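Here we start with a single chain on its own, the form deposited in one PDB entry, put down as structure tokens.
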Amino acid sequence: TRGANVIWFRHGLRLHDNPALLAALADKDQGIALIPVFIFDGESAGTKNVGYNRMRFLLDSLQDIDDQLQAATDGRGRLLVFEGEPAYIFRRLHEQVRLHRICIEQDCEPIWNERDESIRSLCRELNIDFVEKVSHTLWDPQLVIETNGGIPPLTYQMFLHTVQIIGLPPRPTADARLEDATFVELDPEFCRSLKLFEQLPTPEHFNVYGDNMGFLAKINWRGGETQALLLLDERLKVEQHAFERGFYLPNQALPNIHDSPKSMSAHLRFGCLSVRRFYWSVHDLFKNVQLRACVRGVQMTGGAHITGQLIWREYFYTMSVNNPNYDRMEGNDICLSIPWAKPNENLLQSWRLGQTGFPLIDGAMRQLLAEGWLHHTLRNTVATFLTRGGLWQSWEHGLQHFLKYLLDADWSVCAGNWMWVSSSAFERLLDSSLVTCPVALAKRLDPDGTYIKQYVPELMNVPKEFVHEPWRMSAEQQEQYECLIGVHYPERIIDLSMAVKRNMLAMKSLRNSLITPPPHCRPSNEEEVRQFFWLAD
């Protein structure tokens, strides 16, 4: 009529702390309509390389947005979801209703630059205002880079140094007022023509189905802004008592792999939860009070032990900004070049399918296919197992596998973690037994084998004495507990002692040739390695 503004969701799937959205609503007073839009373009929101679980999480999130738009506006406002190429969709939408601006939350990773530039140039041509707002990260990543002399901080501690110089991150914006916004009704033939969904589709609509095995699902996950805010409330409630008490109870501090769909990692990845609101509610809770206690070596004062997790996120995000080669070794200036073994299909598949014969490794890989989430310590162990503390396969194969199956799976965060863990050759402790022995670790994290039997069901009738190391069973025990090694449960696809010695050697031989390391992404020190691996030291 008088025209419309598009708020275009890719990430930033939420109504709170949404600068791009307030900007789309900035013209309510002039009768400018609002069009909420999501486009399945075969890449957006992590949809080029995606499994069932994350696709389910994304759909949940879109439904929740639509539901909220509907709730606020007595049903007048809907999320329009298309399938196709955005420039093509947007040019023709313009034809139907004059777009005055198209607002997005900045997608900062280089993999989005092409997509976003096609719309930039489209907006220039059609004289549409192209409004881009930084909101997925705590700081504008360029700010951090220009502050560090034009290169991203390559260590956590150097990143902290930089954002200390910059100052605390922006607070979240106000909440959008939707009750008085106008929405548009489009010609039905346009809607059919541009493949606008009538109802949200299911993963199968995109030819995405059940995983490399399917139904080990013990816990499940609701995507969406609503669930995010519920989880944050629970988190804050728990912190509140800890704060009042002045400390964590010994078991709140323990890695619990038998626990939650209580993580907000996927919510943060899709932006159902604003990272600034998370930051600032933790800050406000701990504001102005000195504590003494600590959590896993990290002080509690100021909530540093939690805000610090958000910094790790920001730190990998920031490193990737100007590096379209961030997800590979060859050509990546911030990744040590390491002489990995050449791709070995059998070893790789065995790893993906959880068929390595190392119970904890298999349980974790299988949990990843089933539910799409692993505790930080299981991610650690299967990553070292794949790379420097086992198979000596390159970390790229791991990254690629995680990016498909993780409910979170940020491109930058996941690659960052893969490089950090696997390629930091100067970090001697990183090759220690406390990190490369999945058996010792499995005894710490899962003493009774309950987790293991949960996801490696063939070891179910195996008793506690043997569950972590079933190959220690004699022939008679193997037959009695219905589990022959080489039939029911595979043999260890490698000799770990030998593998580890060979690999530690390549690291030594690696350091001594370079002598002085080029700047690469790495642990700031040995203490940080302790924290990162949740080491009992």
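Start at 1 and count along the sequence shown; that's the residue number. Each form is matched to the other, and the largest set of C-alpha atoms that superpose within 1.5 Å is called the rigid core.
There is another form of this protein, the form deposited in another entry, and it is not shown here; the text below is about that form.
Residue showing a CA shift of 2 Å or more between this form and the one not shown (rigid core superposed; candidates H161, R98, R428, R245): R245. The two forms, fitted on the rigid core, differ between this form and the one not shown by 2 Å or more at the CA of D211. The Cα position of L254 differs by 2 Å or more between this form and the one not shown after fitting on the rigid core. Note: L230-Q252 Cα separation is 3 Å or more longer in the other form than here. In comparison with the shown form, the Cα-Cα distance of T436 and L216 increases by at least 3 angstroms in the other form.
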